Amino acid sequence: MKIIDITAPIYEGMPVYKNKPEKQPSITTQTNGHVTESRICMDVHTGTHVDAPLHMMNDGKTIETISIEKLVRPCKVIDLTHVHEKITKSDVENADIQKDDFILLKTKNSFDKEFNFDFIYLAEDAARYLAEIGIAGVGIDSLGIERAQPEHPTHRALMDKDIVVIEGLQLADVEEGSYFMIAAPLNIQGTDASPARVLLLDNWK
């Protein structure tokens, strides 16, 4: 029984989207004696997080409306580290991908220590498939699940079929295969996302 921690470290200087200074977290501390107490400011879309429909809608469901039963369940890691530029319907047709599947995608982003602007992303063609195939949720090892797609069709195509999106996974030391996924978000209410601790278990039970 090994736990693989596939969560991104949160710290000032961490890889953030487009390396934008304002997307960086701040931690303030105070030590009155031996008592050390901190406060953290962070974008909900920081490192390992779970997107909610409200991101890409407006009467969109929040983080809260997505049940823990959908996040603390079995999952399948798909190795797409052979993929260049973007994941296409081709790369996900040939994989074991059924209805109510939670698929985590290990791509060459798992191996970038700093932000890469040309990160492998889930194209609309790939997402529209995944939606009509009837997957439960998709995780990507990238802070955003899509780029170079204005009107955000990838995102919109998942959250339309209430498919939970997990961004910011660190899947370097993970082998393609089925695992017990623990995707535990901060119990934030009414928001477009929540930062998450995502663990894999080799439970094989």
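Numbers follow the displayed sequence, beginning with 1.
Stretches compared: 86 to 94, 67 to 75. Higher mean C-alpha B-factor in the entry: 86 to 94. In this entry, the higher average B-factor at the C-alpha atoms falls on 27 to 35, of the pair 134 to 142 and 27 to 35. Across the residues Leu104, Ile120, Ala127, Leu80, the deposited record lists the maximum Cα B factor for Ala127.
When all modelled residues of the chain are sorted by CA temperature factor, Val198 is found within the lowest third. Per the PDB record, residue ranking by Cα B-factor puts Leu169 in the lowest third of the chain. In the PDB entry, a CA B factor belonging to the lowest third of its chain's modelled residues is recorded for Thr46. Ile3 sits in the middle third of its chain by CA B factor, as recorded in the PDB entry. Sort the modelled residues of the chain by CA B factor and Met57 lands in the highest third.
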